[PDB]
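Inspection log for the structure reproduced underneath, given as structure tokens.
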Amino acid sequence: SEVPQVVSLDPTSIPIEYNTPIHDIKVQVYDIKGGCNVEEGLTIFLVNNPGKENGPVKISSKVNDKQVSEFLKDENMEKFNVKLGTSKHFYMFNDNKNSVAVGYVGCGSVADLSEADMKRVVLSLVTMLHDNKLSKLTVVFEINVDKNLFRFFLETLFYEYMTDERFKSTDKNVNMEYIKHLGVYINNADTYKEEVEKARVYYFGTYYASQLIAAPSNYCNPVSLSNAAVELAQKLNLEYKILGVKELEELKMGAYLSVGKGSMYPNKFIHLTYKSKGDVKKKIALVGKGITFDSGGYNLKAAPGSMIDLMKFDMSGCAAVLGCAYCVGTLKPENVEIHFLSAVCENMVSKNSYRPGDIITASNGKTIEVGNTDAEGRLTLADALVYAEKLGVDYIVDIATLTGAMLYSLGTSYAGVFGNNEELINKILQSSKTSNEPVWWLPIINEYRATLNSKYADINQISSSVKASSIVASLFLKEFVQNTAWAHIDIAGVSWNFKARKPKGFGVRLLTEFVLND
Amino acid sequence: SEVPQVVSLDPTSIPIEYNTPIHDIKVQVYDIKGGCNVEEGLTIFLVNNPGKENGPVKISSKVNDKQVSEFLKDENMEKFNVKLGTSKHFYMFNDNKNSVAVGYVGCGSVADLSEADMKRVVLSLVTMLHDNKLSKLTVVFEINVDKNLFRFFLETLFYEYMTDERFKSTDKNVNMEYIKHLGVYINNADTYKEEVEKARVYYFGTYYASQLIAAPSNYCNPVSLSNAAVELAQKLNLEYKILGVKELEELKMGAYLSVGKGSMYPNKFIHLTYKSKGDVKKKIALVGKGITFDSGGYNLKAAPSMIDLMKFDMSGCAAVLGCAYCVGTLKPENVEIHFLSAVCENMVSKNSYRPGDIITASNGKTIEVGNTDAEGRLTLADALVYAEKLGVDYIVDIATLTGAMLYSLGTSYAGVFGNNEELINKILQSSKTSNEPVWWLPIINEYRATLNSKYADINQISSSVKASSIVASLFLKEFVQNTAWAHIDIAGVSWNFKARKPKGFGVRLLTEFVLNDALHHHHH
Amino acid sequence: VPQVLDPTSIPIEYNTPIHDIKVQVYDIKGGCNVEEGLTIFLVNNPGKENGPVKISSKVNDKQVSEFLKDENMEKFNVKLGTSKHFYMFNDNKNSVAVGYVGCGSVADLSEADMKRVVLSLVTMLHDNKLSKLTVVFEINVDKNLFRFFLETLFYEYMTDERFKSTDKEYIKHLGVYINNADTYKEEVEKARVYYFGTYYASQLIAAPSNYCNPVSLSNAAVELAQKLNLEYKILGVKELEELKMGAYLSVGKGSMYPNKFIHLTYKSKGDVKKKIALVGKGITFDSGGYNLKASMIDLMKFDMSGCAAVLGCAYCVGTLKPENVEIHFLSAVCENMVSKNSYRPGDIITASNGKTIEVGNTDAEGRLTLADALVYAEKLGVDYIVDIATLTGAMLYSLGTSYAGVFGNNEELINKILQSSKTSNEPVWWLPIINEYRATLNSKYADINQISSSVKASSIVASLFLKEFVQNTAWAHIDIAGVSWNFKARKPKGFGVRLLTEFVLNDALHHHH
Amino acid sequence: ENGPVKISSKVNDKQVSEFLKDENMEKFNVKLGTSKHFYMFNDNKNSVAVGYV
Ligand SMILES: [Ca+2]
Ligand SMILES: [Ca+2]
Ligand SMILES: [Ca+2]
Ligand SMILES: [Ca+2]
Ligand SMILES: [Ca+2]
Ligand SMILES: [Ca+2]
Ligand SMILES: [Ca+2]
Ligand SMILES: [Ca+2]
Ligand SMILES: [Ca+2]
Ligand SMILES: [Zn+2]
Ligand SMILES: [Zn+2]
Ligand SMILES: [Zn+2]
Ligand SMILES: [Zn+2]
Ligand SMILES: [Zn+2]
Ligand SMILES: [Zn+2]
């Protein structure tokens, strides 16, 4: 589909890098029992000291170099402590009279490191990688880590290491270089090799979502985003269908169409499908909110105390769903059929836009009274959920930066999950544990349903008084699923890394673990 | 006129119900002197007890049924009081071994009920009608009401009873059931019968206005609204004319055209006319504000300035069209009435007008736009010039103009401004007989200097004076040269916020105003 | 109690008209007698939403039976909360009122549904002069929900008239027809105790600020302890200074009424197997202090609802007298006023556990008083510490006005609170203490910040602050800021009394007996 | 701009002198505020840390 333009300098596609410098890093896992070699690059020891806070660093691994081992003797290393995040660099000559660089990163005093602590360790590692022209990094695991934490280590290292420069012209980092080799020394190395390429797949699925979220609104629009989804499906041999306005009118998607009425780019409904070769025992629909730009629409004279929308990353749900499509299409799980859905549109201000007070008819026949054009996410999700249920699936899971109220409930670290089915909710919480993307279960409080009782339409779009917006929005969405287990993940608080000024790609690993472990 | 759309699902007409269940209710008025018959349905006594606040219930009327007669004995009724709005239901078998339902609604302790009090009585009555599958309701008046208050009772009963379900798809009330018969027992009943069908006419004019106000902005637009006005004129054999953009440009309606510049629907000026057959003794122009949707326009960077939170911006046009129904149905003598509305949309687009624009009205005066969200007075300016060019005796406009009305008179009383005391007093008399409350407010000429533009002839708005209802009145007055004119600001009273529905305010007020010569004629 | 005609005590009504209602539970299988008063059937229709009303019970009156026939009753529907009642003559030519309350189409009513049913009943009770009410249960409710029905009926029926003189009736009998009626009789008097504990808390919360102050509130707590033979101690400023309660003392520095620390104790006669400290926030008036150039907003004024819930729990516990428990009822009561002596933003104060706190907002006074109260609670050597407080307005955006939030450092204790929420039918939802936000409380000059300058998850940050004042004891924190006040009815809910009492009774409810 | 690090001063220690060689220091750049420090033994077998800003 051709992307409309106002000026000839308007771009018509989203630049996407599929082969990243992370993909060019050769990773080798060696067993720690055989001793550690040094030679070129940087060798970093991950050391802890359980119990003793700020205890001394002691190198436990055998090093296959006499000169290096003499520097790492306990007498020399006891001057340093293992405080979480601390790092040091050492310069020395090896047995072949060549200069090598060695160091360590402190891993604290807890024997089993948490995801947040490991994350801080990775950030200290990335700091050592930056502003240094290394060709190889070697990481020696002198701490206890299981298979999942090792995968999380690689995913986080890969993601934080990668720098998005698609939109730098004259300000590209002239000194940035990427290592070409990553060595890992760990006990039972054969048991961790299986996680390396899985981490690489999980990394790019997250970084792919990040590339879409960080794409500016003059590059990303309903036409260009659906084009990228088609490209992705063709690369991975997925079935794809993009529904245009004419078909959406036939399906009577009045809520989704109303939101996009005032845009210069027409609505595009993304429908990707992965189908296993053998018997299908599980059918899953993943629905992502996909507002490429949310102006708020005709909400220019809001009564004071009206719901405010300050979160501008309004297709993070679509990005996470498409990033999950990358992982699923690459890993090719068995016995499952997955539908990747997003009602993509723009929410613009023009003479053609929908208005507050409009009464629109959704694709399930329910009429909706519009109370706020800036509550556009739940309107597009309503028709997407009806479409999902008509596919006849076992589970419907939607993910969306829906309500800013999440910043006041769970904050910037935990996403919230709502749903109509306890078994499905528990599966999301289980996938949250193994994906290491935190999720907390929040209730759909039915006492608030009465605030959506419209005087003229079947239902109100918004509540005029109840401030629990995340719960009210869930109650609205629930009206568009009759009889299918459904869960709703509100990622409005966790989608964007405000400290680093970049997306998190939140939801890719969560949704992939949900698809794979089911 | 064809209604433009963005998508195929965009509606192209306003759904309007003309034949309502209220129209199927057969009404019979009987004299209370002969006693009340009880035979079926629900029979409700309107009882008061003057002076004795919350006094006991005592039925004064004779009942032609032994079983009902002494269920209603004082000994049985003394556990109940007459607090305004309270109600009770009784079940019994009558002398014909049939089950009947009897009850009362308390009417308080003051003999003369106010318009607000009567509304509370009607609402309690409607509560008994709802959630009950009755075929007939009988109301026994053991209170004193004049003919106007009796008519107001019926209008309010009909209006509150009616439920607007035009936009319910999957949530239509399945238990809805309307009575088919209404009996009324009142003293001197023969003098009240003529009020029955007048109340039914006044009811639908009000409900018609309500249907237009409650119509969503994606159904109601300048094209679809003028289409409905044409339909209404054809049903009632009224003359009609709809002015399009080309004719409006020839008339130089620059203020009205500027507001609609950024709209997707073109401006449509509605002009309906009722003319009596006999002598025409009074010519009247009724002007209604008709903004089908008011986005505020390019008011995106207002100074930390007047705020507009009232979103029912064509209630004035709706009241004028509802008045056209009543007048076209009742067909009064000796009058010629013009029903006018400059209908448009106030949208944000590349084509919209801007603050700081200087536009030329149809009387040649240049206006400096200070706030695109003050669009109502701009459209009314050209409509008033159009009205005066018709050569009428009275010009009356009605509009949800200024939110300041909420701070002056509140949600119950509309405000009337004008340049002619005789006309203002006639509006006040119409308020009394229609029972739609209106209060006279002054046009303070000392504030006129705040509209002195440095570059144009006049400012659209004041930059500092907070008495916006008066300033807006001063602005409108600049577009009536030498004709008696009154301005009814209904911004505070148009919408029933507790019930979340329109009031249809102004329909009965304006119709009584039209009938003000017949009401003050020797033949009355 | 100093005066600035200023009242010196909180008026409390102990003997309410509800206590005069005689309650009888009859088994529905024997049929319902109708002879006097108002008889209401609680009916549902699990089939058709808003379906017709159908009365199943047999009535021993021909005229009332003719009214309750299916042909006559289909004119009414079962929409939740809808009701109709009619007055008629029975077989003995006596005036009776018969009707129904719609219970919807879902078989299992929630606490919110039961509230709507009760409100319809109370509306008829307030608008009918009756000597007796009879309620016929043609719906299914368990024993806890039946008790909740009675408690809510009693509480909503009661009208607080302490403060009208010129703007100044109640049934004497309540009949209940229900299946397996013998299993519900024990709930009647428990409901009456739970009702007054809730109404007692309501009387304290609704007490005006010129009646309720730290002196008059602690005086009321002493009266309550004396009435119920509870041990009591009221700590004054001098003792609080000896305990170095610098955070609690700072909040009350600018007040005209001095700080008063309430400490009530219930101790079982037999073996004491569980020790519990219940801590309630008790700010009798919160002006916000020197927060004149404010950013977190604090807009709601029901700042001793936690103390009221704790004292209302003390009534229930002192009345029911459970075994094997020792309960401490604690509240650091104070005012937060503006004067030349008030504490200021930027103050660094030392709490009773030695930790220095940098004050960032004098309007965040609740957590400061709770900090010293929690240190006091832990020094008692208890098994569980549970605090309850209208702490953060952010609760209105997370769980709303119906569900309270519980935070804690011990999953066993949190799960017991959730159990108590289920059996008390006062809804509570578990929320996490996210330790990633702890760094936002790292003060540059003091040991810890009072508030976060940027993190909007205020309910979690406040929990992280409170956690710094419980060293090694199972502790839970119930934020009732959203649920304390019934905004539609313009009155308190008394939220937490029944929840906390069920929590105290959690060893008995999970005992072999 | 952001060019490599080049040490101009002579240091009176042979072991550290080799660390500050151009080949070793060109892996670092002079962006304002950037820094690296390494730990090593000097000519007298004593631990020293040297670095740049
Ligand atoms: Ca490449
Ligand atoms: Ca999103
Ligand atoms: Ca009378
Ligand atoms: Ca209007
Ligand atoms: Ca002039
Ligand atoms: Ca005359
Ligand atoms: Ca009997
Ligand atoms: Ca028991
Ligand atoms: Ca409190
Ligand atoms: Zn947004
Ligand atoms: Zn939005
Ligand atoms: Zn307006
Ligand atoms: Zn306006
Ligand atoms: Zn407060
Ligand atoms: Zn406060």
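Just so we're on the same page: letters track the sequence lines, and every chain starts at 1. Note that these values count all heavy atoms, side chains included, but never hydrogens, waters or copies made by symmetry.
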Distance from C:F89 atom CZ to B:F93 atom CZ, nearest 0.5 Å?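 One finds 14.5 Å between CZ of C:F89 and CZ of B:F93.
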
What distance do C:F86 atom CZ and B:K88 atom NZ have between them, rounded to the nearest 0.5 Å?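 Reported to 0.5 Å precision, the distance equals 12.5 Å.
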
Please check this pair: side chain of B:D131 against backbone of C:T82, looking for a donor-acceptor N/O pair closer than 3.5 Å.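 Not confirmed, B:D131 side chain does not pair with C:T82 backbone.
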
Checking side-chain contact (heavy atoms from CB on, under 4.5 Å) for the pair B:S99/C:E66: CA distance, chi angles, key distance, verdict? CA-CA 10 Å; B:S99 64; C:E66 257 304 293; over 6 Å; no

For a quick test of reading the model, state the closest non-hydrogen atom pair linking B:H89 to C:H85 and the distance between them.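 That closest heavy-atom pairing would be CB-O, 3.8 Å.
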
Might you point out which heavy atoms bring B:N175 and C:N77 nearest each other, and give the distance in Å?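 Closest heavy-atom pair between B:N175 and C:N77: ND2-CB, 3.3 Å.
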
Using the test side chain to side chain donor-acceptor pair (under 3.5 Å), find all partners of C:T39 that sit at least two apart in sequence or belong to another chain.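 Result, side chain to side chain donor-acceptor pair (under 3.5 Å) vs C:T39: none returned.
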
Is any side-chain heavy atom of C:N72 closer than 4.5 Å to one of B:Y91?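 Yes, at least one pair of side-chain atoms sits under 4.5 Å.
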
